[PDB]
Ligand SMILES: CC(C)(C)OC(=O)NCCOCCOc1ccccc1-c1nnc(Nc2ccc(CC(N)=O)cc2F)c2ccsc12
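Just the one chain here, laid out as structure tokens, in the form solved without this ligand.
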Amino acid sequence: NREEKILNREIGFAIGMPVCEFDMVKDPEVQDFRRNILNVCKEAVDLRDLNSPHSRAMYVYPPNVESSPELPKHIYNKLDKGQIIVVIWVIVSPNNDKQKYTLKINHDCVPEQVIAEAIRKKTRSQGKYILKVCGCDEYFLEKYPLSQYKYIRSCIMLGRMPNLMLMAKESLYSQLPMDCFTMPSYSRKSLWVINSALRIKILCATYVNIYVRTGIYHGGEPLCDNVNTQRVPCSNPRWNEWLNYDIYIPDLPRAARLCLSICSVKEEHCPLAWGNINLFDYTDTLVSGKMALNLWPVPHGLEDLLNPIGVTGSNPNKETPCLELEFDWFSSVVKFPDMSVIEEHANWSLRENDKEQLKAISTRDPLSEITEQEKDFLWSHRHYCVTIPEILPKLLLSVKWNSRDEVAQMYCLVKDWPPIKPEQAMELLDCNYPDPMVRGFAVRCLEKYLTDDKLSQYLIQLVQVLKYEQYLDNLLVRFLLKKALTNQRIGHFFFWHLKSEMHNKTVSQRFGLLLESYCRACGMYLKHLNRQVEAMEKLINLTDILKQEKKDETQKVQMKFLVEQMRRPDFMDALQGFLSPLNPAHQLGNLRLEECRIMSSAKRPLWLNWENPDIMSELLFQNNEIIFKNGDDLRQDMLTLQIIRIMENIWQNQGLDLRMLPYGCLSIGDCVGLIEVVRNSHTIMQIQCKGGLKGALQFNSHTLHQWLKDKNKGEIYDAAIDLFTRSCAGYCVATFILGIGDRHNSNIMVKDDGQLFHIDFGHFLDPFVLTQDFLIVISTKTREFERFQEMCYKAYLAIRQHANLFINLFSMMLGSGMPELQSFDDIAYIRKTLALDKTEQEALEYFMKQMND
């Protein structure tokens, strides 16, 4: 049909690769995934059309709200007797005259009550309206308490006054397209019985320019010793050898994998090409017969001669080392047993001090190692551990995954295991836990106890752990896809986190198929995503040209070329009138070329400035600024900003107001990304160079206080000083805990109201100087510094209390090929700085001493 072809073209443009390539993939799992994944799209679409236009309106404009409606003590104290002052705006005439109406209402009021009181205040001179945020496309469409909306709570925290616009509901529903998801055109035995040992024949290898080292693994742990084949000259890469393993065939867990590599010898063993295969396919069948596997190049800094944590599947580039293998073939097709046989074989197969010992064990952090004695101890008490559920990760770690009996008994324990918090459920999804039942339990916990707010807060870690999935079709991907197809706020960053790694051929297939399904079921938003993709395409083209053709020209010549190329209507049409990838609720209209510029600095970053076309853009920001950087990796920055936002949330919900600044930052491709521009912000180096005594003079650090006092005179002085002190202490603790890279006068920034923050997080996990500027702004021996030290200590304790969450986040991000995060050894730095193995008072003294230096 026509709709099908146009949708295919658009999806190909959005994903980067054409849809037709997926069809030419003669892989049963690929086509079965493409087909079976459409049930999730159907569920999501039905949920969208479930309740007339309101359901679609919630799908496109979901409420941006906090997970808990309860306000912290200090946040509630900032209210006028538990009330809030809110300005509601109304556009009246064809001239669009804007009339404001100020109200003082209970913070816990519903948007309906807000609209009612607004109409009351307006008439002193029915439910057919809704509330929009003045300046962006955010809508208060749900019966939430107003204060629970992130915008309202932010206004309450920042002292700013919320400005909302009243909008007829029909005016918004008329802007909602009648979406029509069209179903694609590509839609319409023994068991364990075999008793023996696993053996595999390595036949030969092609495209080799030595021996083959193999092993059987379950996630990261080997189910048996590794096996080296006969050292053969590379001229004739023919082994035809049979490798036998100390593993009974039925003893193989469901997620057993074969990890192989080709090594050379000088004495000096060095890997050449690696590969991993699923012993069981997606249909639970045990692979048999001949199989050709194209290997992958080795990643940098590989400790061993094997890469088990690497992705599974043959290399898409078939012009690579190809190893031929042979698996035993028995009577009939072998399948993994059903859960019923598992339960049958499981059924067939205590002191107070010891209970408190189990509790203390559960209290420990993830990276803390568990001894063999402790493993057998947890296993002997596997039934009592159901009363303390959060010990489930360590219990799983204590299992002998090379014994079908223990695996079946653990399956039984999991089938009825109590649910645990999402923060703890994510730990069971990293590379350590590949078992399908454990991952299903974790996904159930997420589905049951994860707010979409918390989902967006951890969306990147989940999209990453996706790579740890043994098969294309699994419960985790289905959950993520359903949430992305029922919530466009989540779907935006879902699509972008996926597209930002389409360059990686290791997950090109998986993420490509997932993006195909998403774009097929996402709706009209595919058009806006395509416009954003084309804008980023033009930006990448321009910045690539700048870094090579005109790379060694002067600032003004590069600027002249950038102004020339930024016009060329084919480019203006592409970079004008689209949604901000950093925040799709932000419209970006016409470019203010007079305000765009190359940032100098490193790798020629682009500083772009758009006008805000919002009807009431002046009440939020009339100009939106963004830094498009094509050069260095931004994943580290994304993770750091996420962690900083989480730390600020912890501090707020715990009762210490340390205003951080986790500005927007989105990696959109291979080292190509965007950065949010914080208005009215300048670097300390700027403060010193602008306040330099003269053109030829020294740049003392004492002036910063003078600059702040000039920018804040009168009663605003103490407020600015308090803001500076609090934000400074917060960033002190953050940078110490995370081990952020070298700070200096230009890595730090301050705003006109005193807020301090950081930028450009180069390397972490491998001493905040507190230049006498900061100490002078805080006031060494003053009550101000006493309160400062108290703040720092309290924040350090608060973060030590969530060390577990932070370590789990890092262990989940391990999958991403980031430099400063390649092994658990890098994460151990946090276990160090937080003194996990020490006590609370010990860690307090440790941090006191560390900050004394």
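The first residue of the shown sequence is 1; numbering continues from there.
The next section is about a form of this same protein that is not shown, the form deposited with this ligand bound.
Colleague: What is the one choice in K100, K454, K560, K527 with a heavy atom within 4.5 Å of this ligand in the bound PDB entry?
Modeller: Of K100, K454, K560, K527, the residue with a heavy atom within 4.5 Å of this ligand in the bound PDB entry is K100.
Colleague: Report the residue, out of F764, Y129, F724, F511, that has at least one non-hydrogen atom within 4.5 angstroms of this ligand in the bound PDB entry.
Modeller: Of the listed residues, the single hit is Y129.
Colleague: Please pick out the stretch from 574-582, 415-423, 323-331, 100-108 that is in contact with this ligand in the bound PDB entry, where contact means heavy atoms within 4.5 Å.
Modeller: Of the options, only 100-108 has residues within 4.5 Å of the partner.
Colleague: Does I88 reach this ligand in the bound PDB entry, with heavy atoms at most 4.5 Å apart?
Modeller: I88: contacts this ligand in the bound PDB entry.
Colleague: Verify the contact flag for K713: yes if a non-hydrogen atom of it lies within 4.5 Å of a non-hydrogen atom of this ligand in the bound PDB entry, no if not.
Modeller: Residue-level check for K713: no, no contact with this ligand.
Colleague: Evaluate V507 for contact with this ligand in the bound PDB entry, applying a 4.5 angstroms cut-off between non-hydrogen atoms, and reply yes or no.
Modeller: Taking the distances in the bound PDB entry, the answer for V507 is no, it never comes within 4.5 Å of this ligand.
Colleague: At the 4.5 Å heavy atom threshold, is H702 in contact with this ligand in the bound PDB entry?
Modeller: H702 lies outside the contact set for this ligand.
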